[PDB]
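Enquirer: Here you go, start.csv (CSV, C-alpha atoms and all ligand atoms):
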chain,number,residue,atom,x,y,z
A,1,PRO,CA,-1.3,82.6,79.6
A,2,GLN,CA,2.4,82.0,80.3
A,3,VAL,CA,3.1,78.4,81.3
A,4,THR,CA,6.3,77.7,83.3
A,5,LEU,CA,8.0,74.3,83.1
A,6,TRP,CA,8.6,73.6,86.8
A,7,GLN,CA,5.7,71.2,86.4
A,8,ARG,CA,4.5,69.2,83.4
A,9,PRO,CA,2.4,71.6,81.2
A,10,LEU,CA,-1.0,70.0,81.6
A,11,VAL,CA,-4.1,72.0,80.7
A,12,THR,CA,-7.7,71.5,80.3
A,13,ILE,CA,-9.1,70.7,77.0
A,14,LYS,CA,-12.8,70.4,76.0
A,15,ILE,CA,-13.5,67.8,73.2
A,16,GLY,CA,-17.2,67.9,73.0
A,17,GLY,CA,-18.2,69.4,76.4
A,18,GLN,CA,-15.9,66.8,78.0
A,19,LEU,CA,-13.1,68.5,79.9
A,20,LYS,CA,-9.9,66.4,79.4
A,21,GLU,CA,-6.4,67.0,80.8
A,22,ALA,CA,-3.6,67.1,78.1
A,23,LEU,CA,0.0,68.0,77.9
A,24,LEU,CA,1.4,70.8,75.7
A,25,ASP,CA,4.1,69.0,73.9
A,26,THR,CA,6.4,71.0,71.6
A,27,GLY,CA,8.3,67.7,71.0
A,28,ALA,CA,5.2,66.2,69.4
A,29,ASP,CA,4.4,66.9,65.7
A,30,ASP,CA,1.0,65.3,66.0
A,31,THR,CA,-1.8,65.3,68.6
A,32,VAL,CA,-2.4,61.8,70.4
A,33,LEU,CA,-5.5,61.4,72.6
A,34,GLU,CA,-6.5,58.4,74.8
A,35,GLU,CA,-8.8,55.7,73.4
A,36,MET,CA,-12.2,57.3,72.7
A,37,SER,CA,-15.1,56.6,70.2
A,38,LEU,CA,-15.4,59.6,67.9
A,39,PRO,CA,-18.1,59.5,65.1
A,40,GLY,CA,-16.5,59.5,61.7
A,41,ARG,CA,-14.1,57.4,59.5
A,42,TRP,CA,-10.5,57.0,60.5
A,43,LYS,CA,-7.3,55.9,58.7
A,44,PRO,CA,-5.0,53.4,60.4
A,45,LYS,CA,-1.6,54.7,61.4
A,46,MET,CA,1.5,53.8,63.3
A,47,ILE,CA,3.4,56.6,65.2
A,48,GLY,CA,6.7,56.3,66.7
A,49,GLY,CA,7.9,57.8,69.9
A,50,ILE,CA,10.9,57.1,72.2
A,51,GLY,CA,10.7,53.4,72.6
A,52,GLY,CA,9.0,52.3,69.4
A,53,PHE,CA,5.7,52.6,67.5
A,54,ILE,CA,2.1,52.5,68.5
A,55,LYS,CA,-0.9,51.8,66.3
A,56,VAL,CA,-3.5,54.6,66.3
A,57,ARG,CA,-6.6,55.6,64.3
A,58,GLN,CA,-6.5,59.0,62.6
A,59,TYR,CA,-9.4,61.4,62.7
A,60,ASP,CA,-9.5,64.6,60.5
A,61,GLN,CA,-11.0,67.9,61.4
A,62,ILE,CA,-11.6,67.5,65.1
A,63,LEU,CA,-12.3,70.6,67.1
A,64,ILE,CA,-10.6,71.0,70.4
A,65,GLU,CA,-10.5,73.9,72.7
A,66,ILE,CA,-7.3,74.7,74.6
A,67,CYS,CA,-7.9,77.1,77.5
A,68,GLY,CA,-10.9,78.4,75.5
A,69,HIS,CA,-8.9,78.9,72.3
A,70,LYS,CA,-10.2,76.7,69.4
A,71,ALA,CA,-8.1,74.6,67.1
A,72,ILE,CA,-9.2,72.2,64.4
A,73,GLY,CA,-7.1,69.5,62.9
A,74,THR,CA,-5.9,65.9,63.0
A,75,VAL,CA,-5.9,63.8,66.1
A,76,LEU,CA,-4.6,60.2,66.5
A,77,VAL,CA,-6.4,58.1,69.1
A,78,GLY,CA,-4.6,55.1,70.7
A,79,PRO,CA,-3.6,53.6,74.0
A,80,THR,CA,-1.5,56.6,75.2
A,81,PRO,CA,-1.1,57.1,78.9
A,82,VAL,CA,-1.6,60.9,78.4
A,83,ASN,CA,-3.4,63.2,75.9
A,84,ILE,CA,-0.6,65.0,73.9
A,85,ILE,CA,-1.4,68.3,72.2
A,86,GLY,CA,1.2,68.5,69.3
A,87,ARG,CA,2.4,71.3,67.2
A,88,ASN,CA,-0.4,70.8,64.6
A,89,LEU,CA,-2.8,72.4,67.2
A,90,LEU,CA,-0.4,74.6,69.2
A,91,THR,CA,0.4,76.6,66.1
A,92,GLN,CA,-3.3,77.3,65.9
A,93,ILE,CA,-3.6,78.8,69.3
A,94,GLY,CA,-0.5,81.1,68.8
A,95,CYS,CA,1.8,79.1,71.1
A,96,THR,CA,5.5,80.2,71.3
A,97,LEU,CA,8.6,79.1,73.4
A,98,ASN,CA,10.4,82.1,74.7
A,99,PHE,CA,13.6,82.2,76.6
B,1,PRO,CA,14.2,84.4,71.5
B,2,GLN,CA,10.6,83.7,70.5
B,3,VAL,CA,10.3,80.3,68.8
B,4,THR,CA,7.1,79.7,66.7
B,5,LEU,CA,6.0,76.1,66.2
B,6,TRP,CA,5.3,76.1,62.4
B,7,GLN,CA,8.5,73.9,62.4
B,8,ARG,CA,10.1,71.7,65.0
B,9,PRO,CA,11.7,73.8,67.7
B,10,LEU,CA,15.3,72.8,66.8
B,11,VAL,CA,18.2,74.6,68.5
B,12,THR,CA,22.0,74.1,68.3
B,13,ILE,CA,23.5,73.0,71.6
B,14,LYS,CA,27.2,72.7,72.5
B,15,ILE,CA,28.0,69.7,74.7
B,16,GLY,CA,31.4,68.2,75.4
B,17,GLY,CA,32.9,70.7,72.8
B,18,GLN,CA,30.4,69.3,70.2
B,19,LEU,CA,27.8,71.4,68.5
B,20,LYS,CA,24.5,69.3,68.0
B,21,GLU,CA,20.9,70.1,67.1
B,22,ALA,CA,18.3,69.1,69.7
B,23,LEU,CA,14.5,69.7,70.1
B,24,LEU,CA,13.1,71.9,72.9
B,25,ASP,CA,10.5,69.5,74.2
B,26,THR,CA,8.1,70.7,76.9
B,27,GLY,CA,6.6,67.1,76.7
B,28,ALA,CA,9.8,65.6,78.1
B,29,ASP,CA,10.7,65.5,81.8
B,30,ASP,CA,14.4,64.7,81.0
B,31,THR,CA,16.9,65.4,78.3
B,32,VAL,CA,17.9,62.4,76.2
B,33,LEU,CA,20.7,62.6,73.7
B,34,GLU,CA,22.0,60.5,70.8
B,35,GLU,CA,24.9,58.1,71.7
B,36,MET,CA,28.0,60.0,72.7
B,37,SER,CA,31.1,59.6,74.8
B,38,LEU,CA,30.7,62.3,77.4
B,39,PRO,CA,33.4,62.5,80.2
B,40,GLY,CA,32.6,60.9,83.5
B,41,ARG,CA,30.9,58.3,85.7
B,42,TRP,CA,27.5,57.1,84.5
B,43,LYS,CA,24.8,54.9,85.9
B,44,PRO,CA,22.4,52.7,83.7
B,45,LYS,CA,18.8,53.8,83.8
B,46,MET,CA,15.5,52.9,81.9
B,47,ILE,CA,13.1,55.6,80.8
B,48,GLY,CA,9.8,55.4,79.1
B,49,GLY,CA,8.3,57.4,76.2
B,50,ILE,CA,5.1,56.7,74.3
B,51,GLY,CA,6.4,53.5,72.6
B,52,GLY,CA,7.8,51.8,75.7
B,53,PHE,CA,11.2,51.8,77.6
B,54,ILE,CA,14.8,52.4,76.6
B,55,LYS,CA,18.1,51.9,78.6
B,56,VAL,CA,20.2,55.0,78.9
B,57,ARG,CA,23.4,56.1,80.6
B,58,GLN,CA,22.8,58.7,83.2
B,59,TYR,CA,25.4,61.6,83.4
B,60,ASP,CA,25.0,64.1,86.2
B,61,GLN,CA,26.2,67.6,86.5
B,62,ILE,CA,27.0,68.2,82.8
B,63,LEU,CA,27.4,71.6,81.2
B,64,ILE,CA,25.4,72.3,78.1
B,65,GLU,CA,24.9,75.6,76.2
B,66,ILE,CA,21.5,76.1,74.6
B,67,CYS,CA,21.5,79.1,72.3
B,68,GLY,CA,24.3,80.4,74.4
B,69,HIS,CA,22.4,80.0,77.7
B,70,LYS,CA,24.2,77.8,80.4
B,71,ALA,CA,22.6,74.9,82.0
B,72,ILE,CA,24.2,72.3,84.3
B,73,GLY,CA,22.3,69.1,85.1
B,74,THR,CA,21.4,65.6,84.1
B,75,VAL,CA,21.7,64.2,80.7
B,76,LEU,CA,20.5,60.8,79.6
B,77,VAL,CA,22.5,59.3,76.6
B,78,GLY,CA,20.7,56.4,74.7
B,79,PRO,CA,19.1,55.2,71.5
B,80,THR,CA,17.0,58.2,70.5
B,81,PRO,CA,16.0,59.2,67.0
B,82,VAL,CA,16.6,62.9,68.0
B,83,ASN,CA,18.4,64.9,70.8
B,84,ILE,CA,15.7,66.1,73.2
B,85,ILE,CA,16.0,69.0,75.7
B,86,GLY,CA,13.6,68.3,78.5
B,87,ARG,CA,12.1,70.3,81.3
B,88,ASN,CA,15.1,69.7,83.7
B,89,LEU,CA,17.2,72.0,81.5
B,90,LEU,CA,14.4,74.2,79.9
B,91,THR,CA,13.7,75.5,83.4
B,92,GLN,CA,17.4,76.4,84.0
B,93,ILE,CA,17.3,78.6,80.8
B,94,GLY,CA,14.1,80.4,81.7
B,95,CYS,CA,11.9,79.0,78.8
B,96,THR,CA,8.1,79.4,78.9
B,97,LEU,CA,5.2,78.4,76.8
B,98,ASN,CA,3.1,81.4,75.9
B,99,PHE,CA,-0.2,82.0,74.0
C,101,LIG,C1,3.7,61.9,70.8
C,101,LIG,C2,4.2,61.7,69.4
C,101,LIG,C3,3.3,62.3,68.3
C,101,LIG,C4,4.4,60.2,69.1
C,101,LIG,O1,5.5,62.3,69.2
C,101,LIG,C5,6.6,62.0,70.0
C,101,LIG,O2,6.6,61.0,70.8
C,101,LIG,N1,7.6,62.8,69.7
C,101,LIG,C6,8.9,62.8,70.4
C,101,LIG,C7,10.1,63.1,69.4
C,101,LIG,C8,10.3,61.9,68.5
C,101,LIG,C9,10.3,62.0,67.2
C,101,LIG,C10,10.4,60.9,66.3
C,101,LIG,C11,10.6,59.6,66.9
C,101,LIG,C12,10.8,59.5,68.2
C,101,LIG,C13,10.6,60.6,69.1
C,101,LIG,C14,8.9,63.9,71.5
C,101,LIG,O3,9.9,63.6,72.5
C,101,LIG,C15,7.6,63.9,72.2
C,101,LIG,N2,7.7,64.7,73.5
C,101,LIG,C16,7.8,63.7,74.6
C,101,LIG,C17,6.5,63.4,75.2
C,101,LIG,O4,5.5,63.0,74.3
C,101,LIG,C18,6.5,62.1,76.1
C,101,LIG,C19,5.3,62.2,77.0
C,101,LIG,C20,5.1,60.8,77.7
C,101,LIG,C21,5.8,60.6,78.9
C,101,LIG,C22,5.7,59.3,79.4
C,101,LIG,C23,4.9,58.3,78.8
C,101,LIG,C24,4.3,58.6,77.6
C,101,LIG,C25,4.4,59.9,77.0
C,101,LIG,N3,7.8,62.2,76.9
C,101,LIG,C26,8.8,61.4,76.6
C,101,LIG,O5,8.9,60.5,75.8
C,101,LIG,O6,9.8,61.7,77.6
C,101,LIG,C27,11.1,61.1,77.5
C,101,LIG,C28,11.8,61.5,76.2
C,101,LIG,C29,12.0,61.7,78.6
C,101,LIG,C30,11.1,59.6,77.6
Could the structure of this file be written out as structure tokens, please?
Ligand SMILES: CC(C)(C)OC(=O)N[C@@H](Cc1ccccc1)[C@H](O)CNC[C@@H](O)[C@H](Cc1ccccc1)NC(=O)OC(C)(C)C
Expert:
Amino acid sequence: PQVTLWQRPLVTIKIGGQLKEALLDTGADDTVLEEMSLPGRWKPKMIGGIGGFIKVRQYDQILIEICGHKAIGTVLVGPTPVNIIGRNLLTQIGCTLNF
Amino acid sequence: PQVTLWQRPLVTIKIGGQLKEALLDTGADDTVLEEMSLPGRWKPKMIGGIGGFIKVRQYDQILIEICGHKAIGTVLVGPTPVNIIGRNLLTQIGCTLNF
């Protein structure tokens, strides 16, 4: 696909046969998902965004599917208002910015 | 051009006769820049990011060159760790997300 920016670039993700809405964010280095209980150990972490930091839990090697394109990597889970797919995952699906 | 995301999508912009580096951010609805004295009449505004709200000065109808492409629109000036080019200006330059 070719996603236009007239509207926020919100797509469907599948994180364990759960369809989830998430934003493709080129501005984000990391992937941040809404509070969820994932099996596995996590590492405490504080991530900064415009505005300040938020405390998140870090999970390694999560598999997510972005428009039926698989990506596997680190995800931070915390109280975000929106799921954010960051460049750590977008690089996996071959995502580019073209102008 | 075709920007890959192995690294942050940093481009050089020209604004108010100043060359600056800014991130192309499909996650941002608006363009927020580092503190600067741009010419004109501004209005205070508050905008939220993942860590909470910040106060910005809003400047309308400002000319900005992104990789030599012309864009004229709103620019928010405020306490940001990085200059960010949002979707109000990425659409003007014809940028897309592709995979
Ligand atoms: C998500 C996270 C991993 C925490 O990365 C950033 O927030 N990265 C910042 C850049 C940054 C680096 C270092 C320090 C501070 C900021 C990008 O603007 C992220 N794209 C912005 C996008 O996530 C956010 C989506 C959003 C919107 C509203 C609420 C919550 C979240 N929009 C965003 O902040 O938009 C404005 C900049 C216009 C405020």
Enquirer: At a cut-off of 12 Å, can you tabulate as a Markdown table every residue of range 13-57 of chain A near range 78-98 of chain B together with its closest atom pair and the distance in Å to one decimal, using only C-alpha atoms and ordering rows by chain then number?
Expert:
| residue | atom | partner | partner_atom | distance |
| --- | --- | --- | --- | --- |
| A:23 | CA | B:97 | CA | 11.7 |
| A:24 | CA | B:97 | CA | 8.6 |
| A:25 | CA | B:97 | CA | 9.9 |
| A:26 | CA | B:97 | CA | 9.1 |
| A:27 | CA | B:84 | CA | 7.9 |
| A:28 | CA | B:84 | CA | 11.2 |
| A:48 | CA | B:81 | CA | 9.7 |
| A:49 | CA | B:81 | CA | 8.7 |
| A:50 | CA | B:80 | CA | 6.4 |
| A:51 | CA | B:80 | CA | 8.2 |
| A:52 | CA | B:80 | CA | 10.0 |
Enquirer: In Å, how far is it from CA of residue 70 in chain A to CA of residue 31 in chain A?
Expert: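 Computed distance, CA of residue 70 in chain A to CA of residue 31 in chain A, equals 14.2 Å.
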Enquirer: I'm after chain B in the frame of chain A: fit it by least squares over all Cα atoms matched in order, and give me the output as a short mmCIF file (atom, residue, chain, number, x, y, z; two decimals) with C-alpha atoms, keeping the file's coordinate frame.
Expert:
data_model
loop_
_atom_site.label_atom_id
_atom_site.label_comp_id
_atom_site.auth_asym_id
_atom_site.auth_seq_id
_atom_site.Cartn_x
_atom_site.Cartn_y
_atom_site.Cartn_z
CA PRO B 1 -1.21 82.68 79.42
CA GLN B 2 2.43 82.19 80.41
CA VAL B 3 3.08 78.58 81.43
CA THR B 4 6.29 77.93 83.50
CA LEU B 5 7.79 74.44 83.34
CA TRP B 6 8.41 73.77 87.10
CA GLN B 7 5.48 71.28 86.54
CA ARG B 8 4.19 69.47 83.51
CA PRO B 9 2.41 71.88 81.20
CA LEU B 10 -1.07 70.34 81.75
CA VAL B 11 -4.12 72.11 80.31
CA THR B 12 -7.84 71.18 80.26
CA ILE B 13 -9.15 70.59 76.75
CA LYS B 14 -12.77 70.07 75.66
CA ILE B 15 -13.19 67.50 72.89
CA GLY B 16 -16.38 65.80 71.78
CA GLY B 17 -18.20 67.57 74.75
CA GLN B 18 -15.61 65.96 77.13
CA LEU B 19 -13.29 67.96 79.31
CA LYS B 20 -9.79 66.17 79.53
CA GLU B 21 -6.32 67.16 80.71
CA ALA B 22 -3.57 66.98 78.07
CA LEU B 23 0.14 68.05 77.95
CA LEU B 24 1.33 70.89 75.68
CA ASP B 25 4.21 69.09 74.05
CA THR B 26 6.51 71.05 71.73
CA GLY B 27 8.40 67.66 71.29
CA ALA B 28 5.42 66.13 69.50
CA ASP B 29 4.61 66.66 65.82
CA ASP B 30 1.01 65.32 66.30
CA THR B 31 -1.61 65.21 68.98
CA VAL B 32 -2.30 61.76 70.42
CA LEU B 33 -5.15 61.17 72.80
CA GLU B 34 -6.25 58.41 75.18
CA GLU B 35 -8.84 55.94 73.72
CA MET B 36 -12.12 57.65 72.99
CA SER B 37 -15.12 57.34 70.72
CA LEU B 38 -14.98 60.52 68.71
CA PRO B 39 -17.63 60.97 65.90
CA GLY B 40 -16.59 60.15 62.39
CA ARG B 41 -14.57 58.23 59.80
CA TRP B 42 -11.08 57.19 60.88
CA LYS B 43 -8.12 55.61 59.19
CA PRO B 44 -5.53 53.30 61.02
CA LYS B 45 -2.07 54.78 61.28
CA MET B 46 1.27 53.88 63.10
CA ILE B 47 3.33 56.56 64.79
CA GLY B 48 6.60 56.38 66.55
CA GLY B 49 7.81 57.93 69.84
CA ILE B 50 11.03 57.22 71.70
CA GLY B 51 10.07 53.62 72.70
CA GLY B 52 8.93 52.42 69.27
CA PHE B 53 5.59 52.43 67.27
CA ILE B 54 1.93 52.43 68.23
CA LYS B 55 -1.26 51.98 66.04
CA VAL B 56 -3.69 54.83 66.26
CA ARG B 57 -6.96 55.89 64.67
CA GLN B 58 -6.62 59.00 62.65
CA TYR B 59 -9.52 61.59 62.91
CA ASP B 60 -9.36 64.62 60.66
CA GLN B 61 -10.94 67.96 60.99
CA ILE B 62 -11.87 67.73 64.70
CA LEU B 63 -12.69 70.69 66.91
CA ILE B 64 -10.84 70.98 70.17
CA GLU B 65 -10.75 73.87 72.69
CA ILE B 66 -7.46 74.41 74.49
CA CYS B 67 -7.84 76.89 77.32
CA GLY B 68 -10.73 78.26 75.40
CA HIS B 69 -8.74 78.73 72.16
CA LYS B 70 -10.23 76.92 69.02
CA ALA B 71 -8.28 74.58 66.96
CA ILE B 72 -9.53 72.32 64.14
CA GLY B 73 -7.27 69.56 62.81
CA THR B 74 -5.99 66.05 63.15
CA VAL B 75 -6.19 63.99 66.20
CA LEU B 76 -4.63 60.59 66.68
CA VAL B 77 -6.51 58.33 69.25
CA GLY B 78 -4.42 55.32 70.62
CA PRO B 79 -2.76 53.70 73.59
CA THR B 80 -1.03 56.65 75.24
CA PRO B 81 -0.21 57.05 78.90
CA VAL B 82 -1.21 60.78 78.61
CA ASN B 83 -3.18 63.09 76.18
CA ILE B 84 -0.59 65.02 74.16
CA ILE B 85 -1.17 68.30 72.26
CA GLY B 86 1.35 68.43 69.48
CA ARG B 87 2.66 71.09 67.18
CA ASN B 88 -0.21 70.65 64.59
CA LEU B 89 -2.59 72.24 67.10
CA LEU B 90 -0.09 74.37 69.21
CA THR B 91 0.52 76.40 66.06
CA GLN B 92 -3.25 76.99 65.49
CA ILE B 93 -3.46 78.52 69.06
CA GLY B 94 -0.47 80.80 68.65
CA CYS B 95 1.83 79.10 71.31
CA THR B 96 5.56 79.92 71.44
CA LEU B 97 8.51 78.85 73.43
CA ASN B 98 10.24 81.82 74.97
CA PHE B 99 13.42 82.39 77.08
#
Enquirer: Quick one, how far is CA of residue 30 in chain B from CA of residue 73 in chain B?
Expert: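 CA of residue 73 in chain B lies at a distance of 9.9 Å from CA of residue 30 in chain B.
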Enquirer: Extract, using all atoms listed in the file, all DNA, RNA and protein residues at most 6 Å from range 6-20 of chain A, discarding same-chain residues fewer than 5 positions from it, and format them as a ChimeraX atom specification.
Expert: /A:64-66
Enquirer: Please, what distance in Å, to one decimal, runs between CA of residue 60 in chain A and CA of residue 29 in chain A?
Expert: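 Computed distance, CA of residue 60 in chain A to CA of residue 29 in chain A, equals 15.0 Å.
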Enquirer: I need the residue nearest chain A from this list: B:69, B:57, B:74, B:35. Use all atoms listed in the file for the distance.
Expert: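 Closest residue, counting all atoms listed in the file: B:69.
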Enquirer: Between A:42, A:99, A:53, A:59, which one has atoms that come closest to ligand LIG 101 (chain C), using all atoms listed in the file?
Expert: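 Closest to ligand LIG 101 (chain C), using all atoms listed in the file: A:53.
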Enquirer: From the options A:61, A:21, A:67, A:46, which residue's atoms come nearest to ligand LIG 101 (chain C), counting only C-alpha atoms and all ligand atoms?
Expert: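 Checking each candidate against ligand LIG 101 (chain C), we get A:46 as the closest.
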Enquirer: List every protein, DNA or RNA residue that has at least one atom no more than 6 Å from (-6.0, 58.5, 65.3) in the file's coordinates, counting only C-alpha atoms, and write the result as a PDB file with C-alpha atoms, keeping the file's coordinate frame.
Expert:
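Okay, this is what ended up in result-v8.pdb:
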ATOM      1  CA  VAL A  56      -3.500  54.600  66.300  1.00  0.00           C
ATOM      2  CA  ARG A  57      -6.600  55.600  64.300  1.00  0.00           C
ATOM      3  CA  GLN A  58      -6.500  59.000  62.600  1.00  0.00           C
ATOM      4  CA  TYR A  59      -9.400  61.400  62.700  1.00  0.00           C
ATOM      5  CA  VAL A  75      -5.900  63.800  66.100  1.00  0.00           C
ATOM      6  CA  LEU A  76      -4.600  60.200  66.500  1.00  0.00           C
ATOM      7  CA  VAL A  77      -6.400  58.100  69.100  1.00  0.00           C
TER       8      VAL A  77
END
Enquirer: Using all atoms listed in the file, which of B:71, B:5, B:62, B:38 sits nearest chain A?
Expert: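 Nearest to chain A: B:5.
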Enquirer: Which one of B:36, B:72, B:3, B:22 sits closest to ligand LIG 101 (chain C) if you count only C-alpha atoms and all ligand atoms?
Expert: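 Checking each candidate against ligand LIG 101 (chain C), we get B:22 as the closest.
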Enquirer: Using all atoms listed in the file, pick whichever of A:68, A:2, A:45, A:33 has the shortest atom-to-atom distance to chain B.
Expert: A:2
